[PDB]
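**Student:** Here's a structure for you.
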Amino acid sequence: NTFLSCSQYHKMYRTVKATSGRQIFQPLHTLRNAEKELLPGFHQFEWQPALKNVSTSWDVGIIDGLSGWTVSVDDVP
Amino acid sequence: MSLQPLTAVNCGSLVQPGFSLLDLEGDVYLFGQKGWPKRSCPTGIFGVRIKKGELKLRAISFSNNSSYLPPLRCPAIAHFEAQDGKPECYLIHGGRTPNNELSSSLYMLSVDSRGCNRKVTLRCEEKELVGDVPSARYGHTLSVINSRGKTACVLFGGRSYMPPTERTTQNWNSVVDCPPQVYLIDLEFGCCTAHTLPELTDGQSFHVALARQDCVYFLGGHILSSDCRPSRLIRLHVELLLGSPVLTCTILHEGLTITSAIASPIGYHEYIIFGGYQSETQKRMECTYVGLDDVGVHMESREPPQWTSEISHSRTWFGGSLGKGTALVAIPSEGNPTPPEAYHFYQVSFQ
Amino acid sequence: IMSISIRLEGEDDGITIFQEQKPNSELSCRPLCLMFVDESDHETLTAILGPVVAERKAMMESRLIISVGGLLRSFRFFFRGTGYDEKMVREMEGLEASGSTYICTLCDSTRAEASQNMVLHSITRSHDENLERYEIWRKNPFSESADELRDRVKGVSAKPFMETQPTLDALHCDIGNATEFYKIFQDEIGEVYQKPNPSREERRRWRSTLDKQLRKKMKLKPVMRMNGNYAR
Ligand SMILES: [Zn+2]
């Protein structure tokens with residue numbers, strides 16, 4: 001919510017923790033592990049009846065929109 | 001075998017990497033304009049002219065009886081010999097649209113009248129196909145033949161999509177090679193037929209083909225399933241031993257292993273060939289000539305017109321032939337700043 | 001996500017369990033896809049959005065089962081395609097562009113018939129019937145001439161691909177009205193129906209005197225283009 005970048009975050013984190021005797025914020029790795037529960041591809045579900053020509057997999061995340069574009073130079077790039 | 005740089009005074013925002021060129025009754029027509037037709041010309045087909053080294057583009061028209069065609073991307077081309085019933089015609093099928101899907105429909109383009117005031121008039125008749133219909137695809141090959149002495153056509157080549165069973169919305173833009181079946185196609189009726197011979201080891205795409213006197217030779221292209229580009233030039237001999245349209249196939253030794261070629265007839269059965277792409281990244285460079293007869297196909301390495309540097313460096317390129325040795329090649333004019341006309345053009349002549 | 005209502009179990013066609021309180025603030029607008037390609041080419045845009053469109057189609061009928069709040073619950077969706085601007089609106093409806101005889105995205109009337117009457121118009125446009133008109137245009141099962149066929153097909157020239165119920169833009173929604181009232185004032189300082197056809201001189205004259213008048217009484221500078229706040 002404030003564009004705050006990772007290097008910054010870690011810096012001010014060490015800063016405030018070593019500043020006043022406490023752990024106010026959480027370090028990155030654990031914050032991000034906790035995050036992984038908010039992006040797409042984390043909850044199970046089902047669909048009745050099954051979708052038409054849609055991969056039954058459910059755990060995927062950030063995909064590439066080329067959709068497997070056969071990279072052969074000759075054709076449209 | 002000389003090259004000279006041309007430029008389009010205008011009408012530059014409208015040439016996609018694929019397109020086709022037909023010649024008939026004098027002038028030459030470009031087909032397959034990028035995106036759908038604007039208001040300027042609802043047909044999309046453009047009369048293309050070279051005037052004093054400049055490139056000019058005017059609009060084309062149609063009759064009322066004409067059936068209107070979308071701007072296919074990279075379909076197959078075929079010339080119907082001028083005779084009864086209507087000389088002459090060009091058969092087009094089927095390529096893909098400004099959207100990603102195939103036509104699976106045969107169309108026949110002809111010229112009707114002129115001028116009056118140096119205008120030209122055409123028409124496009126769709127021909128329904130019954131069968132035993134050929135599968136929709138693109139980048140395949142089609143050619144015309146006469147077997148004692150009846151006139152028909154042969155279809156072979158082209159990739160396609162996975163069936164709507166493994167049609168996967170994460171590979172939904174992947175292509176795969178259609179199985180290697182030859183197809184026989186008459187015009188009236190349009191009853192198509194599917195055939196296969198064991199020497200048809202595999203289908204491929206972008207393999208230029210040619211034929212003479214109802215015998216057809218497929219030249220070099222590229223296979224994706226094995227990532228290779230087989231030098232197998234393929235012969236087949238077709239005959240309608242009425243009422244059985246029987247074919248016989250065979251593999252020949254030498255076929256040039258380049259892909260996506262550009263061809264111009266300098267005479268009756270002679271073809272100067274620019275060729276587009278030999279290897280996976282190294283584009284084709286040489287300039288070849290093909291004669292052909294019952295003796296066979298004879299090949300020669302004609303003099304390659306000495307390219308410029310800016311063309312010698314770009315990755316890919318394309319073009320067509322205005323007719324009779326004449327030809328146009330086009331390179332992505334990748335530079336700064338973008339005009340936005342991103343395509344340089346070279347006129348190229350034989351002898 | 002716009003709204004959620006109920007359908008169980010009797011008549012109960014809908015109880016709005018949740019309606020969004022402010023759909024405009026980007027705070028609530030979730031992204032789905034990003035593409036480093038201009039809206040210009042139809043090629044790349046269809047190339048990428050194809051999977052998306054086909055998915056949206058395959059997502060209307062079947063019912064989604066969610067493990068929500070500890071319960072396995074069933075979900076159906078209704079889909080509106082709205083947030084497009086006129087340019088792409090056409091570009092995904094198959095109409096020509098831009099200001100030709102066919103002007104209204106809903107009332108397929110032309111300019112002249114919209115000038116005869118201005119409010120008797122029934123919403124007849126729909127994605128399916130436009131698909132049908134495209135088939136009509138391509139086959140031409142009557143072999144009608146070019147322009148006459150384009151008339152009998154009513155704007156449908158290119159196969160549309162993206163079902164989307166368009167709506168009036170709530171953003172501009174005023175700018176043509178603004179320039180119209182502006183022309184009204186400029187031609188009312190003139191006696192335009194007393195001198196029916198004036199040239200550019202009296203045009204610029206009326207403009208300048210009107211703008212000095214507005215600056216004098218309401219204290220507003222003249223402008224070249226009409227944004228929102230100037231119109232307001
Ligand atoms: Zn209406």
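So you can find residues: chains in the structure tokens are A, B, ... in the order shown, residues in each start at 1, and ligands are numbered from 1 in order.
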Can you tell me which residues come within 7 Å of ligand 1 when counting only C-alpha atoms and all ligand atoms, ideally as a list in words?
**Tutor:**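 Answer in the requested format: residues 106, 107, 120, 121, 122, 123 and 124 of chain C.
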**Student:** Near residue 141 (chain C), counting only C-alpha atoms, which residues have an atom at most 12 Å away, once you skip same-chain residues fewer than 4 positions from it, shown as a PyMOL selection string?
**Tutor:** (chain B and resi 64-68+125-126) or (chain C and resi 133-137+145+149+152-153)
**Student:** Counting only C-alpha atoms, which of C:99, C:222, C:176, C:190 gets nearest to residue 86 (chain C)?
**Tutor:** C:99
**Student:** Could you list, as a CSV table (one decimal) with C-alpha atoms, in the first residue's frame, every residue of chain C that has an atom within 12 Å of an atom of chain B, counting only C-alpha atoms?
**Tutor:**
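What landed in out-v7.csv:
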chain,number,residue,atom,x,y,z
C,39,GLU,CA,-4.4,-1.8,-29.0
C,40,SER,CA,-3.6,-1.2,-32.7
C,41,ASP,CA,-3.0,-4.7,-34.1
C,42,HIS,CA,-5.9,-7.1,-34.0
C,43,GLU,CA,-3.4,-9.9,-34.4
C,44,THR,CA,-1.5,-10.0,-31.1
C,45,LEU,CA,-4.6,-8.9,-29.1
C,46,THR,CA,-6.8,-11.7,-30.3
C,47,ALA,CA,-3.7,-14.0,-30.1
C,48,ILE,CA,-3.4,-13.5,-26.4
C,49,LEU,CA,-7.1,-12.9,-25.4
C,50,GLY,CA,-8.3,-16.1,-27.1
C,51,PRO,CA,-7.7,-18.4,-24.2
C,52,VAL,CA,-9.4,-15.8,-21.9
C,53,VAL,CA,-12.5,-15.5,-24.1
C,54,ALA,CA,-12.9,-19.2,-24.5
C,55,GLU,CA,-12.6,-19.6,-20.7
C,56,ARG,CA,-15.2,-17.0,-20.1
C,58,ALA,CA,-16.9,-22.2,-20.7
C,90,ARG,CA,-16.4,-1.2,-32.2
C,91,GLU,CA,-13.2,-3.1,-32.5
C,92,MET,CA,-14.7,-6.0,-30.6
C,93,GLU,CA,-18.2,-5.7,-32.2
C,94,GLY,CA,-17.2,-5.8,-35.9
C,95,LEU,CA,-18.7,-2.5,-36.8
C,96,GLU,CA,-16.8,-0.1,-39.1
C,97,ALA,CA,-15.1,2.9,-37.6
C,98,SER,CA,-15.7,5.5,-36.9
C,99,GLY,CA,-18.3,8.2,-37.6
C,100,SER,CA,-19.9,6.7,-40.6
C,101,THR,CA,-23.7,6.3,-41.2
C,102,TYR,CA,-23.9,3.7,-38.5
C,134,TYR,CA,-21.7,-11.2,-40.5
C,135,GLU,CA,-22.5,-14.6,-42.0
C,136,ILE,CA,-25.1,-12.7,-44.1
C,137,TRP,CA,-22.4,-10.3,-45.3
C,138,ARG,CA,-19.8,-12.9,-46.1
C,139,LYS,CA,-22.0,-15.4,-48.0
C,140,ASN,CA,-24.3,-12.6,-49.5
C,141,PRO,CA,-27.0,-15.2,-50.2
C,142,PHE,CA,-28.6,-12.6,-52.4
C,143,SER,CA,-25.5,-11.6,-54.4
C,144,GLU,CA,-26.3,-8.0,-53.7
C,145,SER,CA,-23.9,-5.2,-54.7
C,146,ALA,CA,-21.2,-4.0,-52.3
C,147,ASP,CA,-22.7,-0.9,-50.8
C,148,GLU,CA,-26.3,-2.2,-50.9
C,149,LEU,CA,-25.1,-5.3,-49.0
C,150,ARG,CA,-23.4,-3.2,-46.4
C,155,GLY,CA,-22.7,-2.0,-39.9
C,156,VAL,CA,-21.6,-5.6,-39.5
C,157,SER,CA,-18.6,-6.0,-41.7
C,158,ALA,CA,-16.0,-7.9,-39.7
C,159,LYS,CA,-16.6,-11.0,-37.7
C,160,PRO,CA,-16.9,-9.9,-34.1
C,161,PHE,CA,-15.2,-12.1,-31.5
C,162,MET,CA,-16.0,-10.8,-28.0
**Student:** If the cut-off is 12 Å, can you tell me the residues of chain B near chain A, counting only C-alpha atoms? I'd like them as a PyMOL selection string.
**Tutor:** chain B and resi 16-19+73-74+96+100+138-139+158-177+205-207+221-225+227-228+258-261+275-284+315-318
**Student:** Could you give me, as a tab-separated table, a per-residue list for chain C showing, wherever an atom lies at most 7 Å from an atom of chain A, the closest pair of atoms and their distance in Å to one decimal, using only C-alpha atoms and sorting by chain then residue number from low to high?
**Tutor:**
residue	atom	partner	partner_atom	distance
C:48	CA	A:65	CA	5.9
C:58	CA	A:52	CA	5.7
C:62	CA	A:49	CA	5.4
C:63	CA	A:48	CA	5.3
C:64	CA	A:47	CA	4.6
C:65	CA	A:46	CA	4.8
C:66	CA	A:45	CA	5.0
C:67	CA	A:45	CA	6.5
**Student:** Write a file of the selected residues as a PDB file, in the first residue's frame, keeping C-alpha atoms.
**Tutor:**
ATOM      1  CA  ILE C  48      -3.443 -13.466 -26.385  1.00  0.00           C
ATOM      2  CA  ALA C  58     -16.866 -22.204 -20.712  1.00  0.00           C
ATOM      3  CA  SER C  62     -21.311 -25.236 -15.124  1.00  0.00           C
ATOM      4  CA  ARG C  63     -21.342 -24.463 -11.409  1.00  0.00           C
ATOM      5  CA  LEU C  64     -18.277 -23.634  -9.298  1.00  0.00           C
ATOM      6  CA  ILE C  65     -17.888 -25.482  -5.986  1.00  0.00           C
ATOM      7  CA  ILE C  66     -16.012 -23.533  -3.297  1.00  0.00           C
ATOM      8  CA  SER C  67     -14.858 -24.591   0.173  1.00  0.00           C
TER       9      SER C  67
END
**Student:** One decimal, Å: what's the distance from CA of residue 6 (chain C) over to CA of residue 83 (chain C), could you say?
**Tutor:**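 It comes out at 25.3 Å.
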**Student:** Using backbone DSSP assignments, extract all helix (DSSP H, G or I) residues from chain A; output them as a PyMOL selection string.
**Tutor:** chain A and resi 6-19+28-35
**Student:** Please list as a PyMOL selection string every residue within 12 Å of region 332-341 of chain B, counting only C-alpha atoms and excluding residues in the same chain fewer than 5 positions away.
**Tutor:** chain B and resi 7-17+310-319+346
**Student:** How would the residues just picked look written out with C-alpha atoms as a PDB file, in the first residue's frame?
**Tutor:**
ATOM      1  CA  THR B   7       9.865   3.091 -50.867  1.00  0.00           C
ATOM      2  CA  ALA B   8       6.103   3.412 -50.508  1.00  0.00           C
ATOM      3  CA  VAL B   9       5.122   7.077 -50.849  1.00  0.00           C
ATOM      4  CA  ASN B  10       2.132   6.106 -48.672  1.00  0.00           C
ATOM      5  CA  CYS B  11       0.008   3.021 -47.889  1.00  0.00           C
ATOM      6  CA  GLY B  12       2.658   1.653 -45.552  1.00  0.00           C
ATOM      7  CA  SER B  13       0.714   1.011 -42.337  1.00  0.00           C
ATOM      8  CA  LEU B  14      -1.009  -1.942 -44.011  1.00  0.00           C
ATOM      9  CA  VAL B  15       1.488  -4.767 -44.785  1.00  0.00           C
ATOM     10  CA  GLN B  16       1.682  -7.695 -42.349  1.00  0.00           C
ATOM     11  CA  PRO B  17       4.558 -10.228 -42.360  1.00  0.00           C
ATOM     12  CA  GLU B 310      20.897  -3.422 -43.681  1.00  0.00           C
ATOM     13  CA  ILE B 311      19.118  -6.358 -45.347  1.00  0.00           C
ATOM     14  CA  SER B 312      22.108  -8.673 -44.817  1.00  0.00           C
ATOM     15  CA  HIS B 313      21.834  -8.112 -41.032  1.00  0.00           C
ATOM     16  CA  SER B 314      18.121  -8.346 -40.136  1.00  0.00           C
ATOM     17  CA  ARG B 315      16.864 -11.660 -38.795  1.00  0.00           C
ATOM     18  CA  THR B 316      13.808 -12.363 -40.958  1.00  0.00           C
ATOM     19  CA  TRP B 317      12.111 -11.087 -44.127  1.00  0.00           C
ATOM     20  CA  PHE B 318       9.526 -12.000 -46.795  1.00  0.00           C
ATOM     21  CA  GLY B 319       8.180 -11.015 -50.203  1.00  0.00           C
ATOM     22  CA  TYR B 346      13.711  -4.136 -52.661  1.00  0.00           C
TER      23      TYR B 346
END
**Student:** Leaving out residue 39 (chain A) and any residue of its chain fewer than 3 positions from it, which residues lie within 9 Å of it when counting only C-alpha atoms, given as a ChimeraX atom specification?
**Tutor:** /A:35-36,42,61-62
**Student:** Could you turn the residues from that selection into a file that holds N, CA, C and O atoms, as a PDB file, in the first residue's frame?
**Tutor:**
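Resulting contents of result_32.pdb:
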ATOM      1  N   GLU A  35       2.226 -14.444   2.497  1.00  0.00           N
ATOM      2  CA  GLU A  35       1.588 -13.886   1.307  1.00  0.00           C
ATOM      3  C   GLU A  35       1.070 -14.968   0.378  1.00  0.00           C
ATOM      4  O   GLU A  35      -0.026 -14.844  -0.180  1.00  0.00           O
ATOM      5  N   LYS A  36       1.853 -16.027   0.187  1.00  0.00           N
ATOM      6  CA  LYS A  36       1.538 -17.047  -0.815  1.00  0.00           C
ATOM      7  C   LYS A  36       0.110 -17.571  -0.692  1.00  0.00           C
ATOM      8  O   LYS A  36      -0.381 -18.265  -1.582  1.00  0.00           O
ATOM      9  N   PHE A  42      -3.956 -21.072  -4.868  1.00  0.00           N
ATOM     10  CA  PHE A  42      -3.705 -21.558  -3.518  1.00  0.00           C
ATOM     11  C   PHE A  42      -4.869 -22.310  -2.900  1.00  0.00           C
ATOM     12  O   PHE A  42      -4.643 -23.075  -1.957  1.00  0.00           O
ATOM     13  N   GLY A  61      -0.125 -20.882 -10.992  1.00  0.00           N
ATOM     14  CA  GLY A  61      -0.134 -19.460 -10.706  1.00  0.00           C
ATOM     15  C   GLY A  61       0.056 -18.569 -11.919  1.00  0.00           C
ATOM     16  O   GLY A  61      -0.728 -18.623 -12.868  1.00  0.00           O
ATOM     17  N   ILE A  62       1.110 -17.759 -11.905  1.00  0.00           N
ATOM     18  CA  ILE A  62       1.323 -16.723 -12.910  1.00  0.00           C
ATOM     19  C   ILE A  62       1.813 -17.382 -14.188  1.00  0.00           C
ATOM     20  O   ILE A  62       2.945 -17.862 -14.253  1.00  0.00           O
TER      21      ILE A  62
END
**Student:** Residues within 9 Å of residue 25 (chain A), please, as a ChimeraX atom specification. Count only C-alpha atoms; anything in the same chain fewer than 3 positions from it doesn't count.
**Tutor:** /A:13,16-17
**Student:** Taking only C-alpha atoms into account, which of B:80, B:29, B:183, B:90 comes nearest residue 157 (chain B)?
**Tutor:**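 Closest candidate: B:183.
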**Student:** Could you pull the residues within 7 Å of residue 10 (chain A), counting only C-alpha atoms, minus those fewer than 3 positions along the same chain, as a list in words?
**Tutor:**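 In the requested form, the answer reads residues 6, 7, 13, 14, 27 and 28 of chain A.
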**Student:** For residue 199 (chain B), find every residue with an atom within 8 Å (counting only C-alpha atoms), except residues of its own chain fewer than 2 positions away, and show them as a PyMOL selection string.
**Tutor:** chain B and resi 197+201+249-251
**Student:** With C-alpha atoms retained, could you export that selection as an mmCIF file, in the first residue's frame?
**Tutor:**
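File result.cif, as written:
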data_model
loop_
_atom_site.group_PDB
_atom_site.id
_atom_site.type_symbol
_atom_site.label_atom_id
_atom_site.label_comp_id
_atom_site.auth_asym_id
_atom_site.auth_seq_id
_atom_site.Cartn_x
_atom_site.Cartn_y
_atom_site.Cartn_z
ATOM 1 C CA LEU B 197 0.623 -43.763 -48.780
ATOM 2 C CA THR B 201 6.336 -40.548 -43.729
ATOM 3 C CA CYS B 249 4.100 -41.800 -54.305
ATOM 4 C CA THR B 250 7.885 -41.987 -54.009
ATOM 5 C CA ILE B 251 10.805 -40.291 -52.240
#
**Student:** For residue 255 (chain B), which of B:89, B:285, B:297, B:330 is the closest residue, counting only C-alpha atoms?
**Tutor:**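 Residue with the minimum atom-to-atom distance to residue 255 (chain B): B:297.
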